[PDB]
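In what follows, a structure is listed as structure tokens, so that the remarks can point back to it.
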Number of protein chains: 2
Amino acid sequence: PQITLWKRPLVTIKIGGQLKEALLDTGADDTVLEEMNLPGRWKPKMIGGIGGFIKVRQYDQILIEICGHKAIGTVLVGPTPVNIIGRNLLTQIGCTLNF
Amino acid sequence: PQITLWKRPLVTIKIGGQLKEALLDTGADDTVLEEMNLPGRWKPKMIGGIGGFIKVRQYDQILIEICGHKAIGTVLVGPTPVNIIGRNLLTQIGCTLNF
Ligand SMILES: CC[C@H](C)CN(C[C@@H](O)[C@H](Cc1ccccc1)NC(=O)O[C@H]1CO[C@H]2OCC[C@H]21)S(=O)(=O)c1ccc2ncsc2c1
């Protein structure tokens, strides 16, 4: 599909067996999800943006389904105010910017 | 153009007569640029990101050219980690997400 940017580009995703709303975010290197209790091993990480840094948990090889398009990669979990789909998964679903 | 996302979507912009590099950021409502001198009046404002809120200078109706496309709108100037072009100007140049 084609998503205009009049409004936040929020879409439904499926991760860890849950449905959630997330931003398709070309400004995010990595994918960052709101606090959730995923199983498996993780590594601590810190990621920075406007206002400073937050501490997140890095999970690897996590399956996410974005508007029916499957993707698998690194997902960061932490106290973000919004679920963010970053470029590491946007490339996997064939997402491009066009103007 | 069609921009893929295996690399950061960095582009050259012209603002206040000066060339700068900026990130096309579909996850940003607003356009926030690093500290710089801009002509015209401004008002203090606050904006929040992943790490908290910062103080910015708000310049309204600023001319800004993004890869040869003209936009005129609000530009926030402050301690952002990177120059970001948000949806308020991405819409003006006709940018959409496609997958
Ligand atoms: C340094 C480049 C930008 C700031 C990076 N950000 C993604 C950006 O889309 C962010 C994503 C975001 C969106 C909403 C709340 C918090 C973060 N939006 C944002 O900060 O926008 C601000 C400016 O417009 C306003 O509207 C939204 C907030 C304001 S981010 O969320 O901090 C982010 C995401 C993944 C990531 N991986 C490594 S670093 C890193 C940083």
Side-chain angles (χ1 to χ4, degrees), chain A residues 1-11 13 21-34 45-54 56 65-71 73 76-99, chain B residues 1-11 13 22-35 46-56 65-71 73 76-99:
Chain A
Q2 170 175 103
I3 305 180
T4 61
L5 302 176
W6 293 118
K7 70 206 282 196
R8 290 184 174 196
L10 291 172
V11 300
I13 69 177
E21 295 291 281
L23 278 179
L24 299 179
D25 185 359
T26 62
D29 294 338
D30 308 324
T31 295
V32 196
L33 301 177
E34 298 170 14
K45 192 177 173 70
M46 279 177 77
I47 59 166
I50 288 170
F53 285 74
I54 61 166
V56 301
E65 190 175 300
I66 302 153
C67 289
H69 291 70
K70 290 185 188 64
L76 310 176
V77 178
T80 176
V82 180
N83 294 307
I84 296 160
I85 304 306
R87 290 187 293 103
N88 69 308
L89 304 181
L90 292 170
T91 57
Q92 297 191 24
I93 69 180
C95 186
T96 56
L97 274 174
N98 306 81
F99 59 98
Chain B
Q2 178 159 262
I3 297 177
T4 57
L5 298 171
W6 281 282
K7 289 168 286 183
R8 290 197 169 213
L10 292 166
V11 301
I13 63 168
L23 180 70
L24 302 180
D25 189 347
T26 58
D29 299 344
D30 307 314
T31 291
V32 189
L33 302 183
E34 297 169 319
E35 170 62 26
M46 306 282 303
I47 60 166
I50 204 172
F53 288 68
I54 64 175
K55 265 189 278 184
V56 302
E65 184 155 16
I66 304 167
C67 271
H69 291 68
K70 274 176 158 237
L76 308 176
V77 173
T80 175
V82 180
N83 293 325
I84 57 180
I85 306 306
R87 291 187 297 101
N88 69 311
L89 306 181
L90 295 175
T91 56
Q92 294 202 15
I93 62 174
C95 189
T96 65
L97 285 169
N98 301 271
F99 62 92

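Numbered from 1 within each chain, the chains take letters A, B, ... in sequence-line order.
- No donor-acceptor pair under 3.5 Å is formed between the side chain of B:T91 and the backbone N or O of A:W6.
- Interface check for chain B: of the options A:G49, A:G51, A:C67, A:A28, the most heavy-atom pairs under 4.5 Å are formed by A:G51.
- From B:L24, atom CG reaches atom OG1 of A:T26 across 6.5 Å, with rounding to the nearest 0.5 Å.
- A distance of 8.0 Å separates CG in A:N98 from CD1 in B:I3, rounded to the nearest 0.5 Å.
- Contacts of A:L23 with chain B are made by side-chain atoms alone, with heavy-atom separations under 4.5 Å and no backbone atom involved.
- Summarising the geometry, atom OG1 belonging to B:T4 is positioned 9.5 Å from atom CG belonging to A:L97; distances are rounded to the nearest 0.5 Å.
- B:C95 and A:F99 get closest at one heavy-atom pair: CA-CB, 3.7 Å.
- In terms of non-hydrogen atom pairs under 4.5 Å with chain A, the most contact-rich of B:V32, B:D25, B:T96 is B:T96.
- Shown here for A:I54 and B:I50, the closest heavy-atom pair between the two residues is CG2-O, 3.3 Å.
- Across B:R87 and A:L5, no two heavy atoms sit closer than the pair NH1-O, 2.9 Å.
- Contact of B:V82 with chain A is not made at all, since no heavy-atom distance falls under 4.5 Å.
- Most heavy-atom pairs under 4.5 Å with chain A: of the set B:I84, B:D29, B:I66, B:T80, this distinction falls to B:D29.
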